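> any chance you can model this:
(chains A, B, C, D and E)
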Amino acid sequence: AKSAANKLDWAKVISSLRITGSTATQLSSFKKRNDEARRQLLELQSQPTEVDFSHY
Amino acid sequence: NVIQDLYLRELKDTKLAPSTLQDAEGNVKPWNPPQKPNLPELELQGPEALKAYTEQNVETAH
Amino acid sequence: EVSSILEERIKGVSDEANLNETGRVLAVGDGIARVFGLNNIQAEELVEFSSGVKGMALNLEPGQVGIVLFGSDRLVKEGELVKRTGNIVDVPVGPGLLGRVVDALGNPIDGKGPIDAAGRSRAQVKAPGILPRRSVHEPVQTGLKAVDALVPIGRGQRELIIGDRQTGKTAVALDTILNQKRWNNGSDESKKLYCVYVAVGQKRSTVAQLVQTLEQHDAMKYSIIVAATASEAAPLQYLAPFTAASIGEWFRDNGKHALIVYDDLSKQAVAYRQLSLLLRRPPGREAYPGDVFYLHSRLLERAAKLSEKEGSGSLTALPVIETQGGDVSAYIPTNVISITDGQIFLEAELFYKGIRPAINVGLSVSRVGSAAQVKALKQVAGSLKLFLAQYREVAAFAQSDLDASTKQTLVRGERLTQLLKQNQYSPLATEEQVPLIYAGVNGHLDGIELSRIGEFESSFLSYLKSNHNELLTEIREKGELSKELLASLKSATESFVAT
Amino acid sequence: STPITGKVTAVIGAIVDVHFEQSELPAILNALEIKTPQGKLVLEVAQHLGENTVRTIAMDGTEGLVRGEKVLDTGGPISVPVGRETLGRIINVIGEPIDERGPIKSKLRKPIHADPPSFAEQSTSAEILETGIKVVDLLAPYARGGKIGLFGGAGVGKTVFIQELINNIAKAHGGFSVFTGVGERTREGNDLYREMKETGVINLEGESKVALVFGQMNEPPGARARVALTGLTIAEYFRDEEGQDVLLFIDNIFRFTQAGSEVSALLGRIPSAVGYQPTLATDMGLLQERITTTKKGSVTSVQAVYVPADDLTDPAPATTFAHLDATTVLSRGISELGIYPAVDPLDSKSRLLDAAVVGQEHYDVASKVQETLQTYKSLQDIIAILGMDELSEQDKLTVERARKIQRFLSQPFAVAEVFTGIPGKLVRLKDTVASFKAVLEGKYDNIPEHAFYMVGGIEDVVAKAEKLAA
Amino acid sequence: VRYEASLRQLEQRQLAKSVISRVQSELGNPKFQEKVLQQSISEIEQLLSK
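Numbering: from 1, shown residues only, chains lettered A, B, ... in the order given. Please see the structure below:
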């Protein structure tokens, strides 16, 4: 998933060597990583819909 | 003595009934019901994307 | 409930202004009520206003006595009756103040209720005489290696702590207190130093940090914090060290020992300045009252090691003076420097250079010093002063093509400096100070790599603790390093050094 | 009208003595209003001189005063209105709107003087603000509920620094803010009004997430002294009554000291050291002590300070230096070197910097940075006379890292889109620790010095390396 | 929760202004005459005890 994404990214660095003009390997990799890390921390900052109704 | 007179009258005759829920409500955060997880929609439509991706890749070595 | 508060007011009944003298304010401006009345009035007597404000009577002028308010102006207004408390300023003194944070009046600001104090004794009381003092012979151990060896501190002794503003000046002080917990736990009241921190002009938030840290380190149970906070009025701030000293006198008088840290007398000075200026009494040199020398000296001479006929007790003291950007020349520093016997001068460069806490031991001096020092610690620390002295000189020869002798000195010195770094809020015991210094003295740390000095230190301590806790126990109990003990210790040091 | 009618006796500037009659004598710190064709002159009662003749300080102008003029007593310290609707109002010293959104809607009124809260009330701070500004985050992290102190001289655009803070911290933060300007320029006032109308912090449609109290330097000195106290009470209403956390902001507090010095002189209190008021300490103390993190609310003051001729040993800055939690010194020199932020990193320390508290790793990294920079500053002297030839390879590597670090700190800000054009780099604290760590490890010591200059984080530094490369 | 705690504190201040109202009643009543006479005779007694 996320580990697949990054493994394929590093594979793509040496793929980007194969063809000069690469500038959208970087756009794909950067874009997927950026929003991936953001959604991952979004999921880590997830507070399920819960409230006190016992303590408070 | 004078304190006693004041006290007797004060304690006995003066009692506050707790404030309305509205007054408390005003002095605290109100609460409102939010909506939606988020509604996004499908990405690029048609063969505009399809043609664009095949063609745009000209990032081939020169 | 509502009842308890009302019942409290009912308890607060009693009235009659039957007092030989009352006063009536003539005019009140600037917190200097000028009162017509109070014909009989002791000098600096506590007076209670109609508004319950308390005051002292610094100026007894022939027709009017210019009371200085300890309270807020707003309540006071002209004409108002000024009841005469009839008691010169006195504060409760007694054993109750152990683990109690009290304000200047004595009122617990930690709200631990009425003090279990057995007397009220005056704010200013004349200092012990010639014969009421015996020469110092008991050291106190701060748990700071450099201080204990380089700047040895006795008991009933006052050495200055003059240094740069908020460089954890308060931190340097606090470290000493932490080592006093260990000794405090121990028996003999001489070993039980009941520390007093006198927080002068310090905001309540800062003191809250102190209080919690002290509670964290369990220090509250011998600690006393006499607090005159930033908010607290300039009379309270002025009288705060004097008041504090009296608390110390009770412990001292009972023959016990204690350590009082006046922090910082510089803000006390400012408060006296405020008082003087408001009383229109001319301000001395550098606009700080002229007889500030007399006040500070009186305070600082009430800290002493009493004689054995006076019950073998003391009040060790450590005043703190805040330098005005490292200015040790200035009327208040010069005066205090003269009064104090010893100085500790923290160096800002050293702080930046990672000696945190930072001390510059060139500009630290002890004028009583090694007269009270652990005998063991004397043995293993003459060399250290000299080595470091050489290290200072060859410091500036450390900028290319270097002679072997200088380079050797430089190596020994650099390792020592790293060793003498102190980790704030961690004190040390003498039985663990001496091995570390011994190693350095024997130059066994000359070989140890600089990065590994830090690692070495703790490792050596653990190695000693497991292997040679006989040695540690011997060091602790003997208090002197026997040749056999130094032999074994050297062996142990070599063995650990080898690994 | 009021039986408590007083007749002016002496107009000696701000000192105006009033002659209240018999059996009537306002208490100290009261507020008198005098009907005038200049509205109500407000007089703060500051002394009683006896014989029912008080000596009061004027707040408003003193021109066109005629002796023997009837003086009504409003009593107690000037009481402004406070309320939920105070947000989105610019309020002058006497508590009256100066943004012509009509009269402020009073829920409550309170006096502008308020007693400092006791030891018991204080709650011990530990929360860490993260401004997203590298120098602040790494080398002197800020704390919520703090008393941040922006020591600097003039010229360092003190207001500009605060504007960046409002953009970052305020917008991010949910709580309200109070922007208080003590004796500041009407150029600055107009700019601030416009700028926060634009940034929508002041959103005229609906409410604002801030209230403003603009006290300006043309206002008479008495008003300059007592603007600060006023602003604080508005914050107290939020803090206490509305139970909010407030980002207080005050500007420039030297004006507060200076103002007090003037009226000390006028009060006849002979000027104390370096011409500063003898009550400097207690006035400072009253301001700082009032501000605290109560159980009802945490207030984070950011106070600008003007350090005359960059001498912070001058008693007015030096006295403040003790009283504030999280000092920063923005040195002119560093600004001139082109490093924006202009913070001098070896002269900027905060109480919250304690090793494990700010993260043991964070501390160690920052300690390494500091040592590296301190070495660099010392070695500049060696380079100056001796040359760079007497620096060892190790020393040279430390210098190269320091030069890179020095300009790694340089980063643009949103408020120097105006000054320059570059949009600010909000670089998170965690990211900064990592990014600075990388440099020290030497992972980006293969990146040119100027590709560290005036840019963001490590990723950006790599990108700018590519930019210089091609 | 915050206002819930607050209301308990606030109530005492609400009850405080009611004491003031009761003060206005006391000083209006011939408690103003009779209890002032009580203060007078009590003061006579205090001063006699000197």
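
> can you tell me the residue of chain E closest to chain D?
Ranking the residues of chain E by distance to chain D (CB to the nearest CB) places residue E:2 first, at 4.9 Å. Where you see a C-beta, it was placed from the backbone N, CA and C, and this is true even at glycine.

> what sits against the spatially most central residue of chain A?
Geometric centre of chain A, nearest residue: residue A:36, 2.2 Å, by CA atoms, centre = their mean. Applying CB atoms under 8 Å, 6 or more residues apart in numbering or on different chains to residue A:36 gives the contacts A:2, A:5.

> and the helix or strand where it lies, how far from the chain's centre?
According to DSSP states H and E, residue A:36 maps onto helix A:25-44. In this view, helix A:25-44 has its centroid 3 Å away from the chain centroid, taken as CA atoms, centre = their mean, to the nearest Å.

> count of neighbours near the residue of chain C found nearest chain A?
Residue nearest to chain A within chain C (CB to the nearest CB): residue C:1, separated by 24.6 Å. Residues lying near residue C:1 (other CB atoms under 10 Å in any protein chain shown) number 8.

> what is the subsequent helix or strand relative to the longest helix along chain E?
Ordering each helix of chain E by length in residues (DSSP state H) puts helix E:2-26 first. Counting by DSSP H and E, the element after helix E:2-26 in chain order, helix or strand, is helix E:31-48.

> would you indicate which residues of that next one are buried?
E:31, E:35 (16 or more other CB atoms under 10 Å in any protein chain shown).

> and for stretch C:84-103?
Applying 16+ other CB under 10 Å to stretch C:84-103 flags C:84, C:89-94, C:96-103 as buried.

> report the contact partners of the most centrally placed residue in chain E.
Centroid-nearest residue in chain E, with CA atoms, centre = their mean: residue E:23, separated by 5.5 Å. Listed by CB under 8 Å, 6+ apart, the contact set of residue E:23 reads residue B:6.

> let's see that with 10 Å instead.
By CB atoms under 10 Å, 6 or more residues apart in numbering or on different chains, the residues touching residue E:23 are B:2, B:6, B:9, B:10.

> nearest to residue B:16 among those?
residue B:10 (11.7 Å; CB to CB).

> near chain B, which residues of the stretch 1-150 of chain C?
C:1, C:2, C:3, C:5, C:6, C:7, C:9, C:10, C:11, C:12, C:13, C:15 (CB under 10 Å from any CB of the partner chain).

> burial count for the third one?
What that stands for is residue C:3. Residues near residue C:3, counting by other CB under 10 Å: 9.

> distance of the closest residue to the residue of chain E closest to chain D other than its chain neighbours from chain C?
Closest residue in space to residue E:2, ignoring its immediate chain neighbours: residue D:243 at 4.9 Å, by CB to CB, 6 or more residues apart in numbering or on different chains. As for residue D:243, its distance to chain C is 20 Å (criterion: CB to the nearest CB, to the nearest Å).

> for residue D:243, helix, strand, or coil?
The three-state assignment at residue D:243 reads coil, by DSSP: H, G, I helix; E, B strand; the rest coil.

> what values do phi and psi take at it?
The phi/psi pair for residue D:243 (degrees, to the nearest 10) reads phi 70, psi 30.

> can you check the one 5 residues further on too?
In terms of degrees, to the nearest 10, the main-chain angles of residue D:248 are phi -70, psi 150.

> and it, how many neighbours?
If we define neighbours as other CB under 10 Å, then residue D:248 has 23 of them.

> looking at the residues of the stretch 1-150 of chain C next to chain B, which one is closest to residue E:15?
For the residues of the stretch 1-150 of chain C next to chain B, the nearest to residue E:15 is residue C:2 (6.6 Å; CB to CB).

> with adjacent residues omitted, what lies nearest to the closest residue to chain B within chain A?
Proximity of chain A to chain B (CB to the nearest CB) peaks at residue A:21, 3.8 Å away. Of all residues not flanking residue A:21 in the chain, residue B:59 sits nearest, at 3.8 Å (CB to CB, 6+ apart).

> show me the contacts for the one you found.
Here residue B:59 is in contact with A:16, A:19, A:20, A:21, A:22, A:23, A:24, A:25 (criterion: CB under 10 Å, 6+ apart).

> for chain C, see how far away it is.
Residue B:59 is 49 Å from chain C, where distance means CB to the nearest CB.

> distance from the chain centre to the helix or strand encompassing residue C:149, please.
Using DSSP H and E, residue C:149 sits in helix C:145-150. Centroid separation for helix C:145-150 versus its chain: 17 Å, with CA atoms, centre = their mean.

> got the CA positions of that helix in CSV?
Extracted C-alpha coordinates of helix C:145-150, given in CSV (Å, rounded to 0.1, in the frame of the first residue of the first chain):
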residue,chain,number,x,y,z
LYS,C,145,31.3,19.2,41.9
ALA,C,146,33.0,22.4,41.1
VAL,C,147,31.4,24.3,43.9
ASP,C,148,32.3,21.7,46.5
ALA,C,149,35.9,21.4,45.6
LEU,C,150,36.8,24.6,43.9
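
> residue of chain A nearest chain E, please.
residue A:56 (5.7 Å).

> residue A:50 is in contact with that residue, correct?
No - Residue A:56 is beyond contact range of residue A:50, at 11.9 Å (criterion: CB atoms under 10 Å).

> what residues does chain D put near chain E?
D:240, D:241, D:242, D:243, D:295, D:296, D:297.
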